[PDB]
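**Student:** Take this structure first; my questions come after.
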Amino acid sequence: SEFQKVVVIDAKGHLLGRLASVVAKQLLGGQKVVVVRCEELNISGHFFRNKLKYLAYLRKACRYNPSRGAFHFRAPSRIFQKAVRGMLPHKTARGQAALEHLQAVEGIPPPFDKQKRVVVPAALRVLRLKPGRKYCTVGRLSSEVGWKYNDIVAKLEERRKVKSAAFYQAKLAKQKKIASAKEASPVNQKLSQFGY
Amino acid sequence: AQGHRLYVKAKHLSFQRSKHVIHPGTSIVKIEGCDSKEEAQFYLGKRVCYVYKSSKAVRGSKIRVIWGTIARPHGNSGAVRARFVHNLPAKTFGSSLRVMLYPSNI
Amino acid sequence: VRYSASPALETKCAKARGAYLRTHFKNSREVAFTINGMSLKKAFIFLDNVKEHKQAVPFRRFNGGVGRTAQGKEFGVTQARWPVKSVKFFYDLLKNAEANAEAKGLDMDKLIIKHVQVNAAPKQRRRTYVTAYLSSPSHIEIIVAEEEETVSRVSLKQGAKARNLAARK
Amino acid sequence: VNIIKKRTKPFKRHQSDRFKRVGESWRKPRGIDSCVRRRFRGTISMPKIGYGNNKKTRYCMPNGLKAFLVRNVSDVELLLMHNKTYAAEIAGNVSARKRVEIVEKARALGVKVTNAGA
Amino acid sequence: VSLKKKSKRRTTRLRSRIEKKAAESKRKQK
Amino acid sequence: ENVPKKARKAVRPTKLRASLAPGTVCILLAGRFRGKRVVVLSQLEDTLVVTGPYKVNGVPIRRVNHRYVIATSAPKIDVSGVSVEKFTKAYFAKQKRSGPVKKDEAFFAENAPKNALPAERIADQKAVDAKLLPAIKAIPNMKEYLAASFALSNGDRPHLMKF
RNA sequence: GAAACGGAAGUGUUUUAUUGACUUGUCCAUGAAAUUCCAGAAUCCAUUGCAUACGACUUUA
RNA sequence: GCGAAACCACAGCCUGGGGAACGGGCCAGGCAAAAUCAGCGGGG
RNA sequence: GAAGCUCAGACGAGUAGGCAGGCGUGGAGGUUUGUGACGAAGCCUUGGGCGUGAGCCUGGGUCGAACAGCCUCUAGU
RNA sequence: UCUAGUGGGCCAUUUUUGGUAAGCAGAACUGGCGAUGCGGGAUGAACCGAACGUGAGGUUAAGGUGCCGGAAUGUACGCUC
RNA sequence: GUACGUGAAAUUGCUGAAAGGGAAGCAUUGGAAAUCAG
């Protein structure tokens, strides 16, 4: 709980509204936020109801120049951005600057796949939803509302998980070597009465 | 590289305000690490400083500082109220303040 | 007579004035704004070219209803015209300004239009069959000149540290 | 004792920032339903008797001496017994000859002048 | 999204008219 | 020439914090020596007449206000073996500036420890160090602790840590 | 100075080599201070008619 | 090249609400990037 | 400035209406050994000061022949 | 004793009779509005607080503490897909 | 300089500074630049 320049949030298993509210409060506090893996955000309510909610959202359009009408964004990252910006005073310079401090992406791009990704417990579905309750996935609602990049993200995420697993195995082996040398070192038992 | 920072970090959140009225005479400050009013009791009376930089060189320095003092806690989540010698600008919302450890009471 | 600007000094400048000219104030302003800052020879080539319809005067401010053209692309705008009467007047004043510069004894090669301005003149009443066909004459003057281009204190603490740093150095 | 001003911004007549035929001098609104007279939010304040300053410091300049208008050497001499509380201010129509004569008279009096260097 | 055909929010005449005519209903049943 | 009223405000001695007993290791929170650790020789009327062992961290005999001092739970260093009554407010008095007509690089060359600083003051400081070093040499880690400097880091909460 | 790897926005990663450094690992000696109570191109002119109210466009030059 | 007039508190996007008169100013949203040209007349 | 000084307490929306005290303009009588070609009035000003306010003084620039404070009177204020 | 301005109307309250698919109409009192700014109810002539000199500090009313929005994504027990 | 005492405002041109995504104006607090003052 210390002020970092950039917080990378792995949005897997989170709730859209709860994560948006927490992020919107951090941006007004003046913190750069990168919400990666937005195709895994969870929304309460069963999938058919959520798709009806979204398909009702498409209905809002101008009767003159739908080019000026409401802009319906189908990407899961843009869905999260719409949720976040609705919780911000974006009509003012403060809120407009706050939006510039948020980077919502699909998947985990290489500039952010090699950085620690914290999670928000106040938005996690496992901790915040009663078991036995129906929910949906934004990355699934997006595919059946118009989003057309689901397959590429899934493929590029399988590659990323494979590479990350290889990296962790190498780091775990090095950590095992360091861990083995730990008790071999003597001061770790000689004067460890301080609790370390 | 790490032998300094005798201060703790803070953010200038907003003016002490109602829904439609703001009072710039006192500001709201969120100290890093402080998460309750009883913890804010320690930081009461400490000297908070707002450090910014400007273009024109005065006294051979780019850095200007505005002093302040933590007065009372604000809410339950650890935020406090701060009073400065000059009221902080409204464009510093979310900027970083440095709460020093003096005047110490321990 | 005193002009709108501090220059017209004898050091580098030459003066020219025309008052109560039967030229439109809006067109005169466009020509003056275009030629301001140009070299004297470059201005002569420009005005001759505007006369011959090879380049055009961009209409920046008074651009209501002005047609578009390709000849304005050299100024980054689309509305340009060829006001010949304003060009004739400006050419005459520029010739007079050059003659005054030669009389003063300036270097003709470095001369540029430092300050050119157009002001409205007393309106002239004429009748229309009832309403008025008011004329808008212009006062134009030209100034051509050859182109030419920390005491902070230290506190006791500040200087003592600075002296200590110098001693370490 | 020090000097305290309750307000520094002067009261501008309503809509004097919108019209030039309307002067900057304060005029009390008379309309029954006008927002200024009914004193709604975010409206320019009206001159109130509560806005007055401390009597012990009222009319006093920042240095504490009340300015007294002076035209001739006689007016300078009248501030002999009040030099600690009044400061001579030279009238704007006093010629250069009387100005230098007056200013040295005040300097010999030990009376402060608020427009001496002019 | 509302996800409704009829808005759940009410107009000020409509909300005021309930207290107008709900009280009269109690007057009538009395 | 009005006579002001007799103020009924009398001067009474300071009640210092009980934790600031002489012989305690403390951190400077301000000044040129911020973060340094020092041994409190005694308590003056308002401030603390304190010095870090100059042969250890090079902190001379200085006063520090008790509100800019972090008292530690580090074991006490004996100071009873050295006199402290020679440290007075008049002893620490910074004479008088007597006009700001100075600082033309001459007041600053003629300053520093080479000049100004009398050889007598060096004598008391060395005498205090001579009477203090044997104690901190006997008790382990005091020499290294005093030579080091205090600083905060990530995950450090001043309202939670106890010194 | 050379090898490999990293393409999702590769914002970098490993591997070394040669050296120049500093090497708190532990134990000793020197100086700090009066900072004596916080601060090469394109366009105009010209040309084209696949285009065209004027701009623009498509060609030549 | 010459050269007007009517009109003019200020202006200028839409949706829901603003008890009414819903309006352009207020509330909540969609939105929102200079300067312009020729049309058509919806909105006064 | 007895038309003054001093101590204390309470009080403070305001239309119709009632009462009281002040700012400013033209002219008249009295006074200021009053201001002025070494610059009156007027005018401009991102200068300074005073008063809750009506308003007043002043610095700089321009300008050229008159003008103002105090107590009364008066009004095409 | 005399002397300015006004003698209207809207909203709700409790007492009755005449009433009808259905509202409704006529009385008496009471207050609020009108001469009244301020906090809240997203905003508002009639809803909840509160009657207004210029300021500093403290504390509240009504309403609130996920974000916009100052304030607990507090504690405890249930209901609901 | 006769279009002539003084020469205001509306309005206009130039220069310098600054701001500008479907209003602009104003008020409160403070920063930034400029300026004056004790």
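Residue numbers (this note's numbering), protein chains in the order written: chain B, 23 to 218; chain E, 7 to 112; chain F, 2 to 170; chain L, 1250 to 1367; chain W, 1066 to 1095; chain Z, 40 to 202. All C-beta atoms in this analysis are idealised placements derived from N, C-alpha and C, irrespective of residue type, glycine included.
1) Using alpha carbons as the reference points, say which of B/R182, B/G217, B/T114 lies closest to B/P133.
2) State the Cα-Cα distance for the pair F/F60 and F/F26, rounded to the nearest angstrom.
3) Taking beta-carbon pairs under 8 Å, can you tell me which members of the stretch 48-74 of chain E lie near chain Z?
4) Quick one: list the residues of chain Z neighbouring E/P109, beta-carbon separation under 8 Å, in chain order.
5) Considering only the beta carbon of each residue, do Z/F72 and F/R164 sit closer than 7 Å?
6) Anything in chain E within Cβ reach of F/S153, meaning under 8 Å, just list it in chain order.
7) May I ask you to report which of helix, strand or coil DSSP gives B/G39?
8) Using 7 Å as the threshold, is the C-beta distance between L/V1360 and L/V1352 below it?
9) Counting only runs of 3+ residues fully inside the stretch 142-171 of chain Z, write out the beta strand (DSSP E) ranges in chain order.
10) Comparing C-alpha positions only, which one of L/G1272, L/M1295, L/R1290 sits nearest to L/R1256?
11) Can you tell me whether L/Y1335 is buried or exposed? The criterion is at least 16 other CB atoms within 10 Å of its CB, across all chains shown.
12) Residues of chain B with CB closer than 7 Å to the CB of E/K43, please, in chain order.
13) For Z/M181, which of Z/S112, Z/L87, Z/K54 has the nearest alpha-carbon?
14) So for E/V27, helix, strand or coil by DSSP?
15) With a threshold of 7 Å between beta-carbons, can Z/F147 be considered close to chain F, or not?
16) One question on the structure: do F/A20 and F/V145 come within less than 7 Å of each other, judged by their Cβ atoms?
17) Rank Z/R106, Z/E84, Z/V118, Z/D85 by C-alpha distance to the C-alpha of Z/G91 and give the top, closest one.
18) Closer than 7 Å by C-beta to Z/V79: which residues in its own chain qualify, once you throw out the five before and the five after it? Chain order, please.
19) What residue does the beta strand (DSSP E) around Z/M181 start on, and which one ends it?
20) Would you say Z/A177 faces chain E, with C-beta separation under 7 Å as the test?
21) Give the C-beta separation of F/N37 and F/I114 to the nearest angstrom, bearing in mind that I take them to be a contact with Cβ-Cβ under 8 Å.
22) Taking only beta carbons into account, state which residues of the stretch 182-195 of chain Z come closer than 9 Å to chain E, listed in chain order.
23) Is DSSP giving F/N97 helix, strand or coil here?
24) Go ahead and label B/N64 buried or exposed: buried means 16 or more other beta carbons lie within 10 angstroms of its beta carbon, across all protein chains shown.
25) Please identify, using Cβ separations under 8 Å, the residues of the stretch 72-103 of chain B that lie next to chain W, in order along the chain.
26) Closer than 7 Å by beta-carbon distance: list the chain F residues that pair up with Z/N150, in chain order.
27) Are the stretch 106-116 of chain B and the stretch 183-190 of chain B touching by the rule of at least three beta carbon pairs closer than 8 Å?
28) Checking the sheet assignment: what are the DSSP bridge partners for E/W73?
29) Thinking just about the alpha-carbon of each residue, which of E/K43, E/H10, E/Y13 is nearest to the one in E/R78?
30) Can you pull the chain B neighbours of E/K17, defined as C-beta to C-beta under 8 Å?
31) Starting from the beta carbon of Z/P139, find every residue of chain E whose beta carbon is closer than 9 Å, and list them in chain order.
32) What is the residue span of the alpha helix (DSSP H) that L/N1303 lies within?
33) Just verifying my parser: in three-state terms, what is the DSSP assignment at W/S1072?
34) Taking Cβ positions only, does E/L103 come closer than 7 Å to chain Z?
35) Looking at chain B, which residues of the stretch 73-103 of chain E have a Cβ within less than 7 Å of any of its Cβ atoms?
36) Which term fits F/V88, buried or exposed, when burial requires 16 or more other beta carbons within 10 angstroms of its beta carbon?
**Tutor:** So, to answer that:
1) As a working mapping, residue 133 of chain B is identified with position 111 in the first sequence. Checking every option, the nearest Cα to that of B/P133 belongs to B/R182.
2) Along the third sequence, read from residue 1 onward, the residue named residue 60 of chain F stands at position 59. Along the third sequence, read from residue 1 onward, the residue named residue 26 of chain F stands at position 25. Taking the straight line from one Cα to the other gives about 12 Å.
3) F48, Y49
4) Mapped onto the second sequence, residue 109 of chain E falls at position 103. Ordered by position in chain Z, the residues that pass the 8 Å Cβ test against E/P109 are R106, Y107.
5) As a first step, residue 72 of chain Z must be located in the sixth sequence, where it is residue number 33. As a first step, residue 164 of chain F must be located in the third sequence, where it is residue number 163. No, they are not a contact pair.
6) Stepping through the third sequence from its first residue, residue 153 of chain F is reached at position 152. Near F/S153 (Cβ distances below 8 Å), the residues of chain E are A63, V64, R65, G66.
7) Residue numbering aside, residue 39 of chain B sits at position 17 when the first sequence is read from its first letter. Helix, per DSSP.
8) The sequence position of residue 1360 of chain L within the fourth sequence is 111, counting from 1. The sequence position of residue 1352 of chain L within the fourth sequence is 103, counting from 1. No; because the gap between Cβ atoms is not below 7 Å, this pair is not in contact.
9) none
10) Your numbering for residue 1256 of chain L matches position 7 in the fourth sequence. Checking every option, the nearest Cα to that of L/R1256 belongs to L/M1295.
11) As a first step, residue 1335 of chain L must be located in the fourth sequence, where it is residue number 86. With 16 or more Cβ atoms within 10 Å of its Cβ, L/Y1335 is classed as buried.
12) As a first step, residue 43 of chain E must be located in the second sequence, where it is residue number 37. None at all; the shortest Cβ gap to chain B is about 17 Å.
13) The residue given as residue 181 of chain Z occupies position 142 in the sixth sequence. Taking only the C-alpha atoms, the option nearest Z/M181 is Z/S112.
14) Taking the first residue of the second sequence as position 1, residue 27 of chain E is located at position 21. Looking at E/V27 - three-state DSSP - the assignment turns out to be coil, as it is neither helix nor strand.
15) The residue you call residue 147 of chain Z lines up with position 108 of the sixth sequence. Yes - at least one Cβ of chain F is within 7 Å of the one on Z/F147.
16) Residue mapping note: residue 20 of chain F aligns to position 19 of the third sequence, counting from 1. Residue mapping note: residue 145 of chain F aligns to position 144 of the third sequence, counting from 1. Against a cut-off of 7 Å, the Cβ pair of F/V145 and F/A20 comes out as no contact.
17) One-based indexing of the sixth sequence puts residue 91 of chain Z at position 52. The shortest Cα separation from Z/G91 among Z/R106, Z/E84, Z/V118, Z/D85 belongs to Z/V118.
18) By one-based count along the sixth sequence, residue 79 of chain Z stands at place 40. So the list reads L59, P61, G62, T63, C65, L87, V89, once near-sequence residues are dropped.
19) Here the question's residue 181 of chain Z lines up with position 142 in the sixth sequence. From DSSP, Z/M181 is part of no beta strand (DSSP E) but of the alpha helix (DSSP H) over 181-186.
20) Start at 1 with the first residue of the sixth sequence, and residue 177 of chain Z comes out as number 138. Answer no: the Cβ-Cβ gap between Z/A177 and chain E never drops below 7 Å.
21) If you number the third sequence from 1, residue 37 of chain F lands on position 36. If you number the third sequence from 1, residue 114 of chain F lands on position 113. That belief holds up - the Cβ atoms of F/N37 and F/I114 are roughly 6 Å apart, short of 8 Å.
22) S188, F189, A190, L191, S192, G194, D195
23) Along the third sequence, one-based indexing puts residue 97 of chain F at 96. Three-state result, F/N97: helix.
24) The count along the first sequence starts at 1 and reaches residue 64 of chain B at position 42. Under this definition B/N64 is a buried residue.
25) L74, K75, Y76, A78, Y79
26) Along the sixth sequence, one-based indexing puts residue 150 of chain Z at 111. Within chain F, the residues near Z/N150 are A161.
27) no
28) As a working mapping, residue 73 of chain E is identified with position 67 in the second sequence. Looking at the DSSP assignment, E/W73 forms a beta bridge with E/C55.
29) As a first step, residue 78 of chain E is located in the second sequence; it is residue number 72 there, counting from the start. Closest option to E/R78, Cα to Cα, is E/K43.
30) For the purposes of this step, residue 17 of chain E is taken as the residue at position 11 of the second sequence. Per Cβ cutoff of 8 Å: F25, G51, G52.
31) For this step, residue 139 of chain Z is matched to residue 100 along the sixth sequence. Residues of chain E passing the Cβ test: none, with the nearest at roughly 16 Å.
32) If you number the fourth sequence from 1, residue 1303 of chain L lands on position 54. It is not in any alpha helix (DSSP H) - L/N1303 carries neither H nor E in the DSSP assignment.
33) In the fifth sequence, residue 1072 of chain W corresponds to position 7, counting from 1. Three-state result, W/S1072: coil.
34) As a working note, residue 103 of chain E is residue 97 in the second sequence. Not an interface residue.
35) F99, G100, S101
36) Taking the first residue of the third sequence as 1, we reach residue 88 of chain F at position 87. The residue in question, F/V88, is buried, as its Cβ has 16 or more Cβ neighbours within 10 Å.
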